Q: 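My structure is below; once you've seen it, I'll send some questions.
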Amino acid sequence: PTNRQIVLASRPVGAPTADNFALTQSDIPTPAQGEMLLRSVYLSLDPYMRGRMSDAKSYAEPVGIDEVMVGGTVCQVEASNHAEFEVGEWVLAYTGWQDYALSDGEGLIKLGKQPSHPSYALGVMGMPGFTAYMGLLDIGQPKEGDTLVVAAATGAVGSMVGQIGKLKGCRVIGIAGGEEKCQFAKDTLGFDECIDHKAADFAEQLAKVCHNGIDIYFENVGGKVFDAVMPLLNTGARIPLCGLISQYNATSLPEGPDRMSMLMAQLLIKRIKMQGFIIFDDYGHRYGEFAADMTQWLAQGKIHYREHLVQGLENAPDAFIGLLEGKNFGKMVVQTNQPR
Amino acid sequence: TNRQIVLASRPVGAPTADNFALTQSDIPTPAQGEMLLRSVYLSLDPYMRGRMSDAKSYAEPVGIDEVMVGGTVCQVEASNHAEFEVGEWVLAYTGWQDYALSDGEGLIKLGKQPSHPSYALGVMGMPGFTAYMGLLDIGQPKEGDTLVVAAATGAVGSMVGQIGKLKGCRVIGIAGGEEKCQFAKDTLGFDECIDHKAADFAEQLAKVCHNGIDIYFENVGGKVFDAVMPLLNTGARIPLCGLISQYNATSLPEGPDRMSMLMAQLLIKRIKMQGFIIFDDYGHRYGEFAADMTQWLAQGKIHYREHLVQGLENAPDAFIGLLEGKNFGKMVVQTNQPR
């Protein structure tokens, strides 16, 4: 009768390794009046967690040494003394890489006692879909005929961005690692083109398919991908800035002269809006509209959601390492437990 | 004769007199549906430094032996348009010359006998409008926002700070040397103004920006932005209007590449950085701007300083003086006595 936990053993140096994570046990905490006990079924693994393990200054305190790794979870209520929550109720929570956690109410019921595809609340109906929706529609502001480019195209956020872009009237050009993912983005995700960033002539290929330039670049990756994108940006382009995965493993900045002023020069001469956003901020007023649109778009067949499910909490570290290596196909989720 | 100041050679580093040549040409003839404009006032502005360089930009570089570009206040010497009558004052973009042809694209301002017509190059023109569009549409100031703007006593910067103040911002200027900083505070209504020549500039800025920076109106870039960047708040906004500090640069700064550090900061602080060029199509906004600024002027909330230099042939030296920061207020050159 134990709460297993994956904790941060040490901060990664470059790419995370198994040694950076430790599996530990703890007595199941007891809900103390007005609280409830959540038991996890699904755990989301996402690229932004790499940043959360690092000491870099960020939007949140880094995960402490020997503290439980953080993350979104789909749980059911094991026991409740809240009691606006009944036992057996499924919930979207943020309880991290463990079996159990206490909660004073902050999640959202999803979708009750017997929901269909509850793991979807971690993907298309959850944070990655909402990230795409908010970033693309509010910052990108797609118009009919806009050219939209997004990297990590077959990943959770990117695939949502591309498909929402397509239904909003964009020409959609993906960027992804390897020909199989590029072919999947075109064949199944409805991308107009998808360019392999591993190709020796990656930048020329991108330029070739973006023959009318780029109006929206949804930024997930940074690094060499953004370097290929930048010269193709159109006047009045928009750049929703969501993540910079390519640099999360860096231990130093690139050599060579400082190009920071070149970025600023380009934003000016092309009149570009570049805007960062963090999806965990207070967008409560927007969840409902998002949920309504996405439910409709899924039903209309305009959204294809791919899930990558790994069994076992103890496999979360290797799965997470696998995710960062690009050995994932679609949104990565770990089933931590059999449901009750 | 139509005198012209032409680009003789592209500047290397700071412009010199040799980069400019004075030439003459026969006064052009308006050919039916056209008109002949005769300049009275010529605007001199920092962005012209960029127009002289070979750099890729929003506009084609000024050609060698071509007439220098710029906003002008002219009157109609002769018109066959003829929605324009002779003697009518106009805001145009005819550059550093006495005369030029026009098929109508300017705006009548303010008729045959306007008050302060040179103001259409300043508080009521491009610098005022630049400040207005950048600050209000991109900056979106709220009461209590801390606004920082460099080149604080320059034309755009002065307007940004004063519009910022009347929108409820705490306004911190940045300028070169103690006199401009004192003038910004005493005459332009800046709450503070920090000397960017000070060895502890960055700490001085941090000291007065004790609750951080919510809006940074970017005119300058370089060392100033380097001091600003760590002080930016979550949700900050950065209207990007110019980068004067690098207009003289012949190479990129040394040291490792910080492009990814800027991008990381824009993400973790959820910042909006947005370039804009004031010569784009904002025609639909001109009336609202003129109306708002007329009101703010009447309300005593806007102090406009003009620096008027006599003689077209002094435009090169005046402009060089402007870039050296030897200007006080908006630089205008009177090219001719009016008719």
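In what follows, chains carry the letters A, B, and so on, assigned in the order in which the sequence lines appear, proteins first and then strands, with residues in each chain numbered from 1.
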Q: What residue among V149(A), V161(A), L241(A) forms side chain to side chain contact (heavy atoms under 4.5 Å, CB included) with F218(A)?
A: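 Exactly one option meets the side chain to side chain contact (heavy atoms under 4.5 Å, CB included) with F218(A), and it is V161(A).
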
Q: In this structure, are over 12 heavy atoms from other groups packed under 6.0 Å from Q311(A) atom CD?
A: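 Yes, the 6.0 Å shell around CD holds more than 12 heavy atoms from other groups.
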
Q: Tell me if the CD atom of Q141(A) is crowded by more than 12 foreign heavy atoms within 6.0 Å.
A: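 Counting neighbours around CD of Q141(A), more than 12 heavy atoms of other residues, nucleotides or ligands fall under 6.0 Å, so yes.
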
Q: Mind checking the CD-CE spacing from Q266(A) to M259(B)? Nearest 0.5 Å is all I need.
A: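 Rounded to the nearest 0.5 Å, the CD-CE separation comes out at 8.5 Å.
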
Q: Is a donor on one side and an acceptor on the other found under 3.5 Å between the side chain of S54(A) and the backbone of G51(A)?
A: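 It does hold such a pair.
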
Q: Should we count CD of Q300(A) as having more than 12 external heavy atoms under 6.0 Å?
A: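 Yes.
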
Q: Check whether any side-chain heavy atom of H308(A) sits under 4.5 Å from a side-chain heavy atom of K331(A), and report yes or no.
A: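 With C-beta onward as the side chain, the pair stays apart.
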
Q: Nearest 0.5 angstrom please: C75(A) SG to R340(A) CZ, how far?
A: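 Answer rounded to 0.5 Å: 12.0 Å.
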
Q: Which atoms form the tightest heavy-atom contact between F290(A) and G126(A), and what is the distance?
A: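 Minimum heavy-atom separation between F290(A) and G126(A): CZ-O, 4.0 Å.
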
Q: Measure the spacing between CD of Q205(A) and CD1 of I175(A) and express it to the nearest 0.5 Å.
A: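 The CD atom of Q205(A) sits 11.0 Å away from the CD1 atom of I175(A).
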
Q: Would a distance-only check, ignoring hydrogens and angles, find a side-chain to backbone donor-acceptor pair under 3.5 Å from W97(A) to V70(A)?
A: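 Here the side-chain-to-backbone pair exists.
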
Q: Between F184(A) and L189(A), is there a side-chain heavy-atom distance shorter than 4.5 Å?
A: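 Answer yes - side chains close enough.
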
Q: Pair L8(A), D66(A) - check side chain to side chain contact (heavy atoms under 4.5 Å, CB included), show working.
A: CA-CA 5 Å; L8(A) 181 59; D66(A) 300 335; over 6 Å; no

Q: For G105(A) versus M36(A), what's the shortest heavy-atom pair and its separation?
A: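 Looking at all heavy atoms of both residues, the shortest contact is N-CE, 3.4 Å.
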
Q: Without swapping roles, check the side chain of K270(A) against the backbone of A237(A) for a donor-acceptor pair under 3.5 Å.
A: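 No; zero donor-acceptor contacts below 3.5 Å.
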
Q: Test side chain to side chain contact (heavy atoms under 4.5 Å, CB included) on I195(A) and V209(A) and set out the steps.
A: CA-CA 9 Å; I195(A) 306 303; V209(A) 290; 3.9 Å; yes

Q: Give a yes or no on whether the backbone of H304(A) and the side-chain of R306(A) come within a donor-acceptor separation of less than 3.5 Å.
A: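 Checked: no pair found.
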
Q: Applying side chain to side chain contact (heavy atoms under 4.5 Å, CB included) to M53(A) and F320(A), what does each step give before you reach the verdict?
A: CA-CA 12 Å; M53(A) 300 169 80; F320(A) 180 68; 3.9 Å; yes

Q: If you look at every heavy atom in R171(A) and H211(A), which pair is closest and at what distance?
A: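 For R171(A) versus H211(A), the nearest heavy atoms are NH1-NE2, 3.7 Å.
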
Q: I want to check something: taking the side chain as every heavy atom from C-beta on, are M229(B) and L262(B) in contact at a cut-off of under 4.5 Å?
A: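 Yes, side chains in contact.
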
Q: Are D138(A) and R286(A) ion-paired here, with the side-chain N under 4.0 Å from a carboxylate O?
A: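 Salt bridge flag = yes for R286(A) with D138(A).
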
Q: Are the side chain of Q335(A) and the backbone of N337(A) linked by a donor-acceptor contact shorter than 3.5 Å?
A: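 Pair found, side chain donor or acceptor close to backbone of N337(A).
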
Q: Taking it one step at a time, do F280(A) and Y48(A) satisfy ring-ring contact (aromatic ring centres under 6.0 Å, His included)?
A: CA-CA 12 Å; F280(A) 299 117; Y48(A) 81 92; 5.4 Å; yes

Q: Given 3.5 Å as the limit, does a donor-acceptor pair link the side chain of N234(A) with the main chain of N212(A), or not?
A: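 Such a contact is found between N234(A) side chain and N212(A) backbone.
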
Q: Using a 6.0 Å cut-off, check whether atom CD of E314(A) has over 12 heavy atoms from anything other than its own residue.
A: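 Yes, CD of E314(A) has more than 12 neighbouring heavy atoms, counting only those of other groups under 6.0 Å.
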
Q: Hey, are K181(A) and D196(A) close enough for a salt bridge, meaning a charged N less than 4.0 Å from a carboxylate O?
A: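 So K181(A) does not pair with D196(A) through a salt bridge.
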
Q: Does some side-chain heavy atom of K166(A) sit less than 4.5 Å from a side-chain heavy atom of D192(A)?
A: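 Yes; the side chains approach each other to less than 4.5 Å.
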
Q: If I compare all heavy atoms of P142(A) with all of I216(A), which pair ends up nearest, and what's the gap?
A: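 Smallest heavy-atom distance, with atoms named: CA-CD1, 3.6 Å.
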
Q: From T131(A) OG1 over to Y283(A) OH, what is the distance, rounded to the nearest 0.5 angstrom?
A: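 Here the interatomic distance stands at 9.0 Å.
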
Q: Looking only at side-chain N and O atoms, does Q275(A) offer a donor or acceptor that is under 3.5 Å from a partner on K273(A)?
A: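 Their side chains do not contain a donor-acceptor pair, so the 3.5 Å distance test is not met.
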
Q: Indicate yes or no for a side-chain donor-acceptor contact from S246(A) to the backbone of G223(A) under 3.5 Å, with no hydrogens or angles considered.
A: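 Flag set: sc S246(A) to bb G223(A) pair under 3.5 Å.
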
Q: For a 4.5 angstrom cut-off between non-hydrogen side-chain atoms, does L253(A) reach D257(B)?
A: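 Answer no - side chains too far apart.
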
Q: With salt bridge (charged side-chain N to carboxylate O under 4.0 Å, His left out) as the criterion, how do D226(B) and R258(B) come out once you've worked through the C-alpha distance, each side chain's angles and the decisive distance to 0.1 Å?
A: CA-CA 11 Å; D226(B) 284 340; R258(B) 298 183 301 146; 3.0 Å; yes

Q: With no hydrogens and no angle check, do the side chains of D99(A) and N3(A) hold a donor and an acceptor under 3.5 Å apart?
A: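 There is no such pair (donor and acceptor under 3.5 Å, judged by atom type) between the side chains of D99(A) and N3(A).
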
Q: Is the charged tip of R270(B) near the ring of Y59(A): under 6.0 Å from the six-membered ring centre and within 45° of its axis?
A: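 No.
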
Q: Between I173(A) and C210(A), is a side chain to side chain contact (heavy atoms under 4.5 Å, CB included) present by the stated rule, with each step listed?
A: CA-CA 8 Å; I173(A) 300 158; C210(A) 299; 3.5 Å; yes

Q: Quick one: pull up OG1 in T154(A) and CD in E180(A) and give me the separation to the nearest 0.5 Å.
A: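 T154(A) OG1 to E180(A) CD: 9.0 Å, rounded to 0.5 Å.
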
Q: Please examine the side chains of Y133(A) and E289(A), heavy atoms only from C-beta on, and report whether any two atoms are closer than 4.5 Å.
A: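 In contact.
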
Q: For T73(A) and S40(A), does a side-chain donor sit closer than 3.5 Å to a side-chain acceptor?
A: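 No donor-acceptor contact under 3.5 Å links the two side chains.
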
Q: Is the shortest side-chain heavy-atom distance between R52(A) and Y248(A) below 4.5 Å?
A: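 A side-chain contact is absent here, since even the closest heavy-atom pair is not under 4.5 Å.
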
Q: Answer yes or no on whether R4(A) is positioned over the face of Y100(A), meaning its NZ or CZ is under 6.0 Å from the six-membered ring centre and within 45° of the axis.
A: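 The answer is no, since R4(A) fails at least one limit relative to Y100(A).
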
Q: Determine whether a donor-acceptor pair (N or O, by modelled atom type, separation under 3.5 Å) exists between the side chain of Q296(A) and the backbone of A292(A).
A: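 No.
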
Q: Is the shortest side-chain heavy-atom distance between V150(A) and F191(A) below 4.5 Å?
A: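 Heavy-atom side-chain distance check passes, below 4.5 Å.
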
Q: Taking atom types as modelled and ignoring hydrogens, do the side chains of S103(A) and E35(A) form a donor-acceptor contact shorter than 3.5 angstrom?
A: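 No.
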
Q: Considering non-hydrogen atoms only, spot the tightest contact between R50(A) and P16(A) and give its length.
A: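 The answer is CD-CG, 3.6 Å.
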
Q: Whether the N20(A) and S10(A) side chains hold a donor-acceptor pair (N or O, under 3.5 Å, no angle test) is what I'd like checked.
A: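 Yes - a donor-acceptor pair under 3.5 Å links their side chains.
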
Q: Taking all non-hydrogen atoms of both residues, which atom of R11(A) and which atom of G64(A) are closest, and how far apart?
A: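 The answer is NH2-CA, 4.3 Å.
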
Q: Which value, rounded to the nearest 0.5 Å, describes the distance between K198(A) atom NZ and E179(A) atom CD?
A: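 Atom-to-atom, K198(A):NZ and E179(A):CD are 10.0 Å apart.
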
Q: Applying salt bridge (charged side-chain N to carboxylate O under 4.0 Å, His left out) to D215(A) and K143(A), what does each step give before you reach the verdict?
A: CA-CA 9 Å; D215(A) 302 292; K143(A) 264 53 172 193; over 6 Å; no

